[PDB]
Structures are given as C-alpha cells and as structure tokens.
file target-v1.pdb (PDB, C-alpha atoms)
ATOM      1  CA  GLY A   1      14.248 -14.153  18.947  1.00  0.00           C
ATOM      2  CA  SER A   2      10.721 -14.167  20.353  1.00  0.00           C
ATOM      3  CA  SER A   3       7.736 -15.155  18.212  1.00  0.00           C
ATOM      4  CA  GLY A   4       6.618 -11.552  17.840  1.00  0.00           C
ATOM      5  CA  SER A   5       3.293  -9.736  18.094  1.00  0.00           C
ATOM      6  CA  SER A   6       0.412  -9.289  15.652  1.00  0.00           C
ATOM      7  CA  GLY A   7      -1.332  -5.979  15.034  1.00  0.00           C
ATOM      8  CA  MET A   8      -3.734  -4.238  12.666  1.00  0.00           C
ATOM      9  CA  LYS A   9      -3.484  -0.620  11.517  1.00  0.00           C
ATOM     10  CA  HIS A  10      -5.742  -0.358   8.466  1.00  0.00           C
ATOM     11  CA  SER A  11      -7.727  -2.851   6.388  1.00  0.00           C
ATOM     12  CA  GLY A  12      -9.689  -2.632   3.151  1.00  0.00           C
ATOM     13  CA  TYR A  13      -9.698  -3.554  -0.532  1.00  0.00           C
ATOM     14  CA  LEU A  14      -7.123  -1.743  -2.668  1.00  0.00           C
ATOM     15  CA  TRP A  15      -5.502  -1.871  -6.106  1.00  0.00           C
ATOM     16  CA  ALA A  16      -1.804  -2.753  -6.182  1.00  0.00           C
ATOM     17  CA  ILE A  17       0.610  -4.437  -8.590  1.00  0.00           C
ATOM     18  CA  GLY A  18       4.165  -5.610  -7.989  1.00  0.00           C
ATOM     19  CA  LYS A  19       6.820  -7.712  -9.706  1.00  0.00           C
ATOM     20  CA  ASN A  20       6.922 -10.825  -7.520  1.00  0.00           C
ATOM     21  CA  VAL A  21       3.424 -10.455  -6.070  1.00  0.00           C
ATOM     22  CA  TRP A  22       0.098  -8.985  -7.180  1.00  0.00           C
ATOM     23  CA  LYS A  23       1.587  -9.214 -10.672  1.00  0.00           C
ATOM     24  CA  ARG A  24      -1.920  -8.352 -11.864  1.00  0.00           C
ATOM     25  CA  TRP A  25      -3.612  -5.012 -11.190  1.00  0.00           C
ATOM     26  CA  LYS A  26      -6.935  -5.765  -9.500  1.00  0.00           C
ATOM     27  CA  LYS A  27      -8.840  -4.767  -6.364  1.00  0.00           C
ATOM     28  CA  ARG A  28      -7.682  -7.236  -3.712  1.00  0.00           C
ATOM     29  CA  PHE A  29      -7.909  -7.350   0.083  1.00  0.00           C
ATOM     30  CA  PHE A  30      -5.094  -5.513   1.865  1.00  0.00           C
ATOM     31  CA  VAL A  31      -4.174  -5.492   5.556  1.00  0.00           C
ATOM     32  CA  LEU A  32      -1.255  -3.712   7.223  1.00  0.00           C
ATOM     33  CA  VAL A  33       0.327  -6.045   9.778  1.00  0.00           C
ATOM     34  CA  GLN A  34       3.169  -5.357  12.208  1.00  0.00           C
ATOM     35  CA  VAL A  35       5.998  -7.877  11.867  1.00  0.00           C
ATOM     36  CA  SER A  36       8.572  -6.251  14.144  1.00  0.00           C
ATOM     37  CA  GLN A  37       8.678  -3.286  16.525  1.00  0.00           C
ATOM     38  CA  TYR A  38       9.628  -1.183  13.502  1.00  0.00           C
ATOM     39  CA  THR A  39       8.688  -3.552  10.678  1.00  0.00           C
ATOM     40  CA  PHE A  40       5.398  -4.054   8.837  1.00  0.00           C
ATOM     41  CA  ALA A  41       4.095  -6.047   5.872  1.00  0.00           C
ATOM     42  CA  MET A  42       1.102  -6.005   3.525  1.00  0.00           C
ATOM     43  CA  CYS A  43      -0.799  -9.273   3.953  1.00  0.00           C
ATOM     44  CA  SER A  44      -3.455  -9.955   1.317  1.00  0.00           C
ATOM     45  CA  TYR A  45      -5.988 -12.308   2.901  1.00  0.00           C
ATOM     46  CA  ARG A  46      -8.257 -13.287   0.011  1.00  0.00           C
ATOM     47  CA  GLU A  47      -9.257 -16.667   1.440  1.00  0.00           C
ATOM     48  CA  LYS A  48     -11.860 -17.106   4.179  1.00  0.00           C
ATOM     49  CA  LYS A  49     -10.112 -17.898   7.464  1.00  0.00           C
ATOM     50  CA  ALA A  50      -6.893 -19.175   5.892  1.00  0.00           C
ATOM     51  CA  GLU A  51      -3.237 -18.275   5.351  1.00  0.00           C
ATOM     52  CA  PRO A  52      -2.444 -15.179   3.244  1.00  0.00           C
ATOM     53  CA  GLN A  53      -1.717 -15.556  -0.470  1.00  0.00           C
ATOM     54  CA  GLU A  54       0.484 -12.544  -1.213  1.00  0.00           C
ATOM     55  CA  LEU A  55       2.696 -10.633   1.221  1.00  0.00           C
ATOM     56  CA  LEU A  56       5.011  -7.637   0.848  1.00  0.00           C
ATOM     57  CA  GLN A  57       7.248  -6.567   3.732  1.00  0.00           C
ATOM     58  CA  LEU A  58       7.331  -2.775   4.023  1.00  0.00           C
ATOM     59  CA  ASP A  59      10.846  -3.019   5.455  1.00  0.00           C
ATOM     60  CA  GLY A  60      12.322  -0.093   3.547  1.00  0.00           C
ATOM     61  CA  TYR A  61       9.657   0.599   0.933  1.00  0.00           C
ATOM     62  CA  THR A  62       9.174   4.346   0.501  1.00  0.00           C
ATOM     63  CA  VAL A  63       5.483   5.141   0.039  1.00  0.00           C
ATOM     64  CA  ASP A  64       4.555   8.640  -1.125  1.00  0.00           C
ATOM     65  CA  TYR A  65       1.941  10.478  -3.187  1.00  0.00           C
ATOM     66  CA  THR A  66       2.626  10.061  -6.905  1.00  0.00           C
ATOM     67  CA  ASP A  67       0.916  11.070 -10.148  1.00  0.00           C
ATOM     68  CA  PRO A  68      -1.515   8.609 -11.787  1.00  0.00           C
ATOM     69  CA  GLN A  69       0.577   6.182 -13.836  1.00  0.00           C
ATOM     70  CA  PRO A  70      -0.660   5.494 -17.392  1.00  0.00           C
ATOM     71  CA  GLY A  71      -2.442   2.149 -17.310  1.00  0.00           C
ATOM     72  CA  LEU A  72      -3.583   1.424 -13.762  1.00  0.00           C
ATOM     73  CA  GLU A  73      -7.339   1.992 -13.959  1.00  0.00           C
ATOM     74  CA  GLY A  74      -8.608   0.770 -10.601  1.00  0.00           C
ATOM     75  CA  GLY A  75      -8.872   3.525  -8.020  1.00  0.00           C
ATOM     76  CA  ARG A  76      -8.610   7.309  -7.891  1.00  0.00           C
ATOM     77  CA  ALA A  77      -5.805   8.047  -5.429  1.00  0.00           C
ATOM     78  CA  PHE A  78      -2.345   6.911  -6.527  1.00  0.00           C
ATOM     79  CA  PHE A  79       0.563   5.970  -4.263  1.00  0.00           C
ATOM     80  CA  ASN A  80       3.572   3.735  -4.918  1.00  0.00           C
ATOM     81  CA  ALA A  81       6.473   2.604  -2.734  1.00  0.00           C
ATOM     82  CA  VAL A  82      10.121   2.897  -3.769  1.00  0.00           C
ATOM     83  CA  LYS A  83      12.469   0.034  -2.895  1.00  0.00           C
ATOM     84  CA  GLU A  84      16.173  -0.614  -3.471  1.00  0.00           C
ATOM     85  CA  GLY A  85      15.269  -2.772  -6.455  1.00  0.00           C
ATOM     86  CA  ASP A  86      11.514  -3.193  -6.081  1.00  0.00           C
ATOM     87  CA  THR A  87       8.645  -0.908  -7.092  1.00  0.00           C
ATOM     88  CA  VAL A  88       4.964  -1.326  -6.235  1.00  0.00           C
ATOM     89  CA  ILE A  89       1.981   0.937  -6.897  1.00  0.00           C
ATOM     90  CA  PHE A  90      -1.205   1.361  -4.864  1.00  0.00           C
ATOM     91  CA  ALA A  91      -4.596   2.999  -5.396  1.00  0.00           C
ATOM     92  CA  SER A  92      -7.744   3.634  -3.359  1.00  0.00           C
ATOM     93  CA  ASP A  93     -11.376   4.585  -3.970  1.00  0.00           C
ATOM     94  CA  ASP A  94     -10.967   8.090  -2.550  1.00  0.00           C
ATOM     95  CA  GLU A  95      -8.142  10.557  -1.915  1.00  0.00           C
ATOM     96  CA  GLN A  96      -9.001  10.766   1.785  1.00  0.00           C
ATOM     97  CA  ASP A  97      -8.218   7.078   2.299  1.00  0.00           C
ATOM     98  CA  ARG A  98      -4.874   7.334   0.507  1.00  0.00           C
ATOM     99  CA  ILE A  99      -3.619   9.841   3.077  1.00  0.00           C
ATOM    100  CA  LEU A 100      -4.592   7.527   5.935  1.00  0.00           C
ATOM    101  CA  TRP A 101      -2.616   4.819   4.139  1.00  0.00           C
ATOM    102  CA  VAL A 102       0.447   6.960   3.429  1.00  0.00           C
ATOM    103  CA  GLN A 103       0.575   8.256   7.002  1.00  0.00           C
ATOM    104  CA  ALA A 104       0.626   4.685   8.308  1.00  0.00           C
ATOM    105  CA  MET A 105       2.803   3.041   5.657  1.00  0.00           C
ATOM    106  CA  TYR A 106       5.245   5.931   6.048  1.00  0.00           C
ATOM    107  CA  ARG A 107       5.935   5.069   9.687  1.00  0.00           C
ATOM    108  CA  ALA A 108       5.822   1.339   8.953  1.00  0.00           C
ATOM    109  CA  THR A 109       8.746   1.749   6.556  1.00  0.00           C
ATOM    110  CA  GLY A 110      10.484   4.641   8.284  1.00  0.00           C
ATOM    111  CA  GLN A 111      11.660   6.399   5.130  1.00  0.00           C
ATOM    112  CA  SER A 112      13.723   9.591   5.260  1.00  0.00           C
ATOM    113  CA  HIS A 113      11.460  11.786   3.131  1.00  0.00           C
ATOM    114  CA  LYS A 114       8.153  12.168   4.973  1.00  0.00           C
ATOM    115  CA  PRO A 115       5.068  12.243   2.710  1.00  0.00           C
ATOM    116  CA  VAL A 116       2.978  15.410   2.423  1.00  0.00           C
ATOM    117  CA  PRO A 117      -0.578  16.021   1.151  1.00  0.00           C
ATOM    118  CA  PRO A 118      -0.733  18.093  -2.063  1.00  0.00           C
ATOM    119  CA  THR A 119      -3.088  20.986  -2.802  1.00  0.00           C
ATOM    120  CA  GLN A 120      -4.587  19.921  -6.131  1.00  0.00           C
ATOM    121  CA  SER A 121      -8.232  20.942  -5.758  1.00  0.00           C
ATOM    122  CA  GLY A 122      -9.254  19.081  -8.900  1.00  0.00           C
ATOM    123  CA  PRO A 123      -8.152  20.059 -12.424  1.00  0.00           C
ATOM    124  CA  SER A 124      -9.773  18.919 -15.673  1.00  0.00           C
ATOM    125  CA  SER A 125      -8.239  16.814 -18.444  1.00  0.00           C
ATOM    126  CA  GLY A 126      -8.441  17.750 -22.113  1.00  0.00           C
TER
END
call {"tool": "encode", "arguments": {"input": "target-v1.pdb", "output": "structure tokens"}}
result
Amino acid sequence: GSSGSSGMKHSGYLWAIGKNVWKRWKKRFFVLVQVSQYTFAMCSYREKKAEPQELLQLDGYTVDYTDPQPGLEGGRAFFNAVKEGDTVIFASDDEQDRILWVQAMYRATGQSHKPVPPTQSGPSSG
C-alpha cells in the first residue's frame, strides 16, 4: 500500500460535463494523472498552485469517438466515456487533439473495445 507515483500524459483546456462533477458544460483545465500502475484520473486544476476542484477516475470509463451530441456547443471533436452507471462527454478544439486524448485515455481505462479514428473528411449540414 505504497503512496504511489504521480505522472502527466496530456494537459490542456477541454469541454466536459458529468453528473457528479463538471455538471456544467464549459471549457475547464484538464490533466490526465496516473493514480495506479493501471489506473488514471482526470484532475481539473482550475486554481493557481492549489488542490484540484473536480476529479474523475478513469478506472473503467470507456472513451471512444462519438457523434456530436445535441446541446454541447464548446469544441469540435466529440468523445465521451461509458461507465457502469456513469456517462461523461468530452470535446476539444480540433479533431487531431481528440485522437491524442482517446489514445491515452483508452490505455488509462483499459477498455475491451479499442478506439479507432474514423474517415469522415468533412460533410456539410443542411
């Protein structure tokens, strides 16, 4: 039962909304930390040199590319994580970033269905 070991994989502002945390959908700081050898969590450090406000352990969450849900109007890319009884959505400024996030989050959780990048050049709405 050692203390553990910190670690950073990817940091940057992102749009996410959950049920217990980030109830609101707004661009907030997001940092992927490593809790255990095979366990990670999303720590949102909004303060300046202080403890994190919101935190979501990615212990199980299944992140994967998903269509743009009706409502969330923050970022372009859309990606939500599926949990036994919890569901959280995430969005970035560009599609390129999303991938980098899915690739990491994927391993952090260790889901069964590995995420894969689509081939949607860029259709037009009407």
call {"tool": "closest_residue", "arguments": {"input": "target-v1.pdb", "among": "A:118, A:81, A:59, A:43", "to": "residue 96 in chain A", "atoms": "only C-alpha atoms"}}
result
A:118
call {"tool": "closest_residue", "arguments": {"input": "target-v1.pdb", "among": "A:41, A:100, A:116, A:108", "to": "residue 65 in chain A", "atoms": "all atoms listed in the file"}}
result
A:116
call {"tool": "resolve_selection", "arguments": {"input": "target-v1.pdb", "expression": "the PyMOL selection byres ((chain A and resi 78) around 9)", "output": "list in words"}}
result
residues 64, 65, 66, 67, 68, 69, 75, 76, 77, 79, 80, 89, 90, 91, 92, 95 and 98 of chain A
call {"tool": "closest_residue", "arguments": {"input": "target-v1.pdb", "among": "A:20, A:53, A:6, A:119", "to": "residue 35 in chain A", "atoms": "all atoms listed in the file"}}
result
A:6
call {"tool": "residues_around", "arguments": {"input": "target-v1.pdb", "residues": "residue 5 in chain A", "least_positions_apart": "5", "cutoff": "10 Å", "atoms": "only C-alpha atoms", "output": "list in words"}}
result
residues 33, 34, 35, 36 and 37 of chain A
call {"tool": "write_last_selection", "arguments": {"input": "target-v1.pdb", "atoms": "C-alpha atoms", "output": "compact mmCIF listing (two decimals), in the frame of the given file"}}
result
# COMPACT_ATOMS: atom_id res chain seq x y z
CA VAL A 33 0.33 -6.04 9.78
CA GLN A 34 3.17 -5.36 12.21
CA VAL A 35 6.00 -7.88 11.87
CA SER A 36 8.57 -6.25 14.14
CA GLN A 37 8.68 -3.29 16.52
call {"tool": "closest_residue", "arguments": {"input": "target-v1.pdb", "among": "A:16, A:124, A:62, A:115", "to": "residue 99 in chain A", "atoms": "all atoms listed in the file"}}
result
A:115
call {"tool": "residues_around", "arguments": {"input": "target-v1.pdb", "residues": "residue 83 in chain A", "least_positions_apart": "2", "cutoff": "9 Å", "atoms": "all atoms listed in the file", "output": "list in words"}}
result
residues 60, 61, 62, 81, 85, 86, 87 and 88 of chain A
call {"tool": "resolve_selection", "arguments": {"input": "target-v1.pdb", "expression": "the PyMOL selection byres ((chain A and resi 9) around 8)", "output": "count of residues only"}}
result
8
call {"tool": "build_atoms", "arguments": {"input": "target-v1.pdb", "residues": "range 68-79 of chain A", "atoms": "N, CA, C and O atoms", "output": "short mmCIF file (atom, residue, chain, number, x, y, z; two decimals), in the frame of the given file"}}
result
data_model
loop_
_atom_site.label_atom_id
_atom_site.label_comp_id
_atom_site.auth_asym_id
_atom_site.auth_seq_id
_atom_site.Cartn_x
_atom_site.Cartn_y
_atom_site.Cartn_z
N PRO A 68 -0.84 9.80 -11.27
CA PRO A 68 -1.52 8.61 -11.79
C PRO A 68 -0.79 8.01 -12.99
O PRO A 68 -0.81 8.57 -14.08
N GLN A 69 -0.15 6.86 -12.77
CA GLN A 69 0.58 6.18 -13.84
C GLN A 69 -0.36 5.76 -14.96
O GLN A 69 -1.50 5.35 -14.73
N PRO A 70 0.12 5.86 -16.21
CA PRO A 70 -0.66 5.49 -17.39
C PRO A 70 -0.89 3.99 -17.49
O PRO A 70 0.04 3.23 -17.80
N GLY A 71 -2.12 3.56 -17.24
CA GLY A 71 -2.44 2.15 -17.31
C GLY A 71 -3.33 1.70 -16.17
O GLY A 71 -4.46 1.25 -16.39
N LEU A 72 -2.83 1.82 -14.94
CA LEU A 72 -3.58 1.42 -13.76
C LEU A 72 -4.92 2.15 -13.70
O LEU A 72 -4.98 3.34 -13.41
N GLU A 73 -6.00 1.42 -13.98
CA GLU A 73 -7.34 1.99 -13.96
C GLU A 73 -8.22 1.28 -12.93
O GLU A 73 -9.21 0.64 -13.28
N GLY A 74 -7.85 1.40 -11.66
CA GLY A 74 -8.61 0.77 -10.60
C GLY A 74 -9.23 1.78 -9.65
O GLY A 74 -10.45 1.87 -9.54
N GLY A 75 -8.38 2.53 -8.96
CA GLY A 75 -8.87 3.52 -8.02
C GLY A 75 -8.49 4.94 -8.41
O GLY A 75 -7.81 5.14 -9.42
N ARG A 76 -8.91 5.91 -7.62
CA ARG A 76 -8.61 7.31 -7.89
C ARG A 76 -7.22 7.68 -7.37
O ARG A 76 -6.30 7.92 -8.15
N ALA A 77 -7.08 7.71 -6.05
CA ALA A 77 -5.80 8.05 -5.43
C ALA A 77 -4.69 7.13 -5.93
O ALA A 77 -4.92 5.95 -6.18
N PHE A 78 -3.49 7.68 -6.06
CA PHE A 78 -2.35 6.91 -6.53
C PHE A 78 -1.16 7.08 -5.58
O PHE A 78 -0.78 8.19 -5.23
N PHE A 79 -0.58 5.95 -5.17
CA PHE A 79 0.56 5.97 -4.26
C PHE A 79 1.40 4.70 -4.41
O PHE A 79 0.89 3.59 -4.23
#
